[PDB]
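What follows is a single chain, given as structure tokens, in the form deposited in one PDB entry.
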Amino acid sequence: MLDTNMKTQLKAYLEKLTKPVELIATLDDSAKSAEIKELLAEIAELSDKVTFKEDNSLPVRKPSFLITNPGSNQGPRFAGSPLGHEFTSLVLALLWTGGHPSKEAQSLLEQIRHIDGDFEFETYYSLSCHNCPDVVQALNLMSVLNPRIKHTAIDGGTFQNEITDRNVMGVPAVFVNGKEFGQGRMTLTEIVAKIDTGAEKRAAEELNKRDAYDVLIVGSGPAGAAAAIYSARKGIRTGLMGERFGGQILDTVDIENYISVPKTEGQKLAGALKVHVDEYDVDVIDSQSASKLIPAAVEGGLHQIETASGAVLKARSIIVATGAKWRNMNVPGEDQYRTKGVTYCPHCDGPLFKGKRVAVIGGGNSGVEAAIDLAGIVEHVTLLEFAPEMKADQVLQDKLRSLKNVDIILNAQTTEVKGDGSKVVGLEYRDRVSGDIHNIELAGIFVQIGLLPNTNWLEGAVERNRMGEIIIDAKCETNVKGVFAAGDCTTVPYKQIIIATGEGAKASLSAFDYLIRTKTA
């Protein structure tokens, strides 16, 4: 029941068919079936691409027909008349099956193809209905895009039995796997929204779709945060990736040497840093770990960062600010009395133990210097050295032995940190030689065993010194063009917040100068 206008329009659209289409009907002896049979034969006459076949054995509605390709069973099924306002739905279904492209967003299309489970759709419409087409067309497009999705468009006029049995009052009305799905002017996008039930392991996939950065900062402590702020103020595309925004200052309490701020808290300062970063256009990526650096193969190319999560980020320039881990005694009492007698920084907490007795753990330059420093502030210092001798420079060793409020203990290994429920009161150690245990009364324990820069993931890529520190010049340049580094992970002689932030700022401006000089050529 096509008129001359419909037939001519179909001649035109079916010329855009690049693949053969087949129309497989399943029919009874009713007038409705004769109407569909006449229709399909008329559509087959308008193109040598379209073919009308019949199979009245199949267990489907009668009349109905499948729009598919030769040697296939994938495609949309019309049940009843696909004419009226559904005529464009019919035409579109032929084109799509025929290899003509969809007008939908390309991303949305791939989401249909890569879909998890089986869904059997069926929509109830009428020929008079104005809204039904968009729904039918949308679902039709899904069945064409992947065979796991099936769709059968029911004409209510033909199948009055179903719309009256299956209690639908309005059209369009959609069903899935038996269950009711929804009604009304559904878009394609919102149907794909309800159908996809996916959660985890998506973050990595979100990161590969990410565009290349002008600068990508790896690590989000004070150094990375400062670099991010200085970078985003130049208006360049700035990404700040880290494991845990805040870095080492998150697990500290009282900070009294961030210049211009007599006393703040670690958590508060980490929060302030975030606020300041968020003032500018900075793509902040949290809970991710750089696992590898792949340096660019050409000047003016892109460095790449691989994540433990499987993603790969890319950038014109990189700033490594991954900081360090400060080595622990690894003994009972240690964790419980951190910020509360157990400390890892003589520069930070030294002033707090005036008149108190303390221990330093470690007999290297760090430890021995620390003891000498503290010895001028505190009542008494005891240095515990694991080995039979201190590794520190001889000048420092001599200086420490010439102090009247200092005990050196060699072959000493800490076994326990002792407190009173809220604060340190003493220390337990083992003589490694005799095996004996001894106790020391004290208020503070300064752990100076060593620093482990978080840089082993860069082995081979950028040059490091013999301590794992990333080697840098005054401009924070590494041996790799367009890779910079800032803060504790680098060769900076001292490890502090105010120092780290300055370096972060330095590395940002050095990265920016690098970009200026590499964009034109």
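Numbers follow the displayed sequence, beginning with 1.
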- Message: I need to verify one thing: averaged over C-alpha atoms only, is the B-factor higher for 114-122 or for 134-142?
- Response: 114-122
- Item | Of 305-313 and 223-231, the stretch whose C-alpha atoms average the higher B-factor in the entry | 305-313
- From 279, 373, 206, 243, which pick has the Cα B-factor that tops the rest in the entry? 206
- Per the PDB entry, which option out of 341, 239, 170, 333 has the greatest Cα B factor? 170
- Among the chain's modelled residues, which third holds the C-alpha B-factor of residue 37? middle
- Note on the structure: residue 25: CA temperature factor from the record, placed by chain third, in the middle
- Item | CA B-factor ranking of residue 194, expressed as a third of its chain | highest
- Message: Splitting the chain's C-alpha B-factors into thirds, which one does residue 175 fall into?
- Response: highest
- Note on the structure: Here the Cα B-factor of residue 59, set against its chain, lands in the third termed highest
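The discussion below concerns the form deposited in another entry, not included here.
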- Query: Looking at the rigid-body rotation between the shown form and the other one, which one of 260, 199, 421, 466 is the hinge residue?
  - Reply: 199
